[PDB]
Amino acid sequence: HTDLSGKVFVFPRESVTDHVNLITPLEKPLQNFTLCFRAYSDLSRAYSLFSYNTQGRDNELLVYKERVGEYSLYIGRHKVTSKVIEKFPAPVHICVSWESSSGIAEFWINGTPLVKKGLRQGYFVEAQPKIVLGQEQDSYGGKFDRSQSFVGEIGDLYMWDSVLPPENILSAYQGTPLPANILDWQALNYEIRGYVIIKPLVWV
């Protein structure tokens, strides 16, 4: 594990090969979660932000950007889309949460709450995942698409096993998040597979 504080993963070109694999010891399936990160891209096409696929289970947990202003969350093949007013090109802090009991999906872009949507109530997002950044998975760890690739900079990635209250999301936005148990940017276990460079975070 590495402390990636004040650092970023830079995906410098468009490809179907460059990605980062993220290792987490997930034995038990997800009921509740929150996922916070910082992203900087000048791409006007659609791309993947966070791709989580389980064994023969595609789009199990996917954070997808459709176009400028439109954000999508996939929970088990099913999607949900919410809109926001944003500047293109500009740095963005994204927080996304989901809860099984209600089926509610919360998106927070730049510490601002988007309209709540719901999908897959009573569902459990499966354990033992292949988590990739920079690429969208269409299988367990592979089957990438160049048109869905992320070219840009990714930082401040934290994932919790609970639904974070408004105060804690703003603490993450302000750059002082609470301890994260699934993924922590301060104790990150990663794997770089192609052309992905670690550089200091200069845009916050």
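Quick note: we count residues from 1 along the sequence shown, nothing fancier.
Trainee: Take the C-alpha B-factors listed in the entry for 40-48 and for 145-153, compute each mean, and give the stretch with the larger one.
Mentor: Mean CA B-factor is higher for 145-153.
Trainee: Please work out which of 92-100 and 107-115 has the higher mean CA B-factor as recorded in the PDB entry.
Mentor: Stretch with the greater average CA B-factor: 107-115.
Trainee: Looking at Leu170, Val68, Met159, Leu178, which has the biggest Cα B factor in the entry?
Mentor: So the option with the highest C-alpha B-factor is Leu178.
Trainee: Which listed residue, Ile85, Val125, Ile131, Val80, has the largest C-alpha temperature factor in the record?
Mentor: Most elevated C-alpha B-factor of the set, per the entry: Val125.
Trainee: Quick check on the deposited entry: does the C-alpha B-factor of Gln186 sit in the lowest, middle or highest third of its chain?
Mentor: It falls in the middle third of the chain.
Trainee: Using the temperature factors of the C-alpha atoms in this entry, rank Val10 within its chain: lowest, middle or highest third.
Mentor: Bottom third by C-alpha B-factor.
Trainee: Lowest, middle or highest third: where is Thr34 by C-alpha B factor in its chain?
Mentor: CA B-factor rank for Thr34: lowest third.
Trainee: Ranked by Cα temperature factor within the chain, is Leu4 in the lowest third, the middle third or the highest third?
Mentor: Middle third.
Trainee: Which third of the chain holds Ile197 when residues are ordered by C-alpha B factor: lowest, middle or highest?
Mentor: Its C-alpha B-factor, which the entry lists for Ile197, ranks in the lowest third among residues of this chain.
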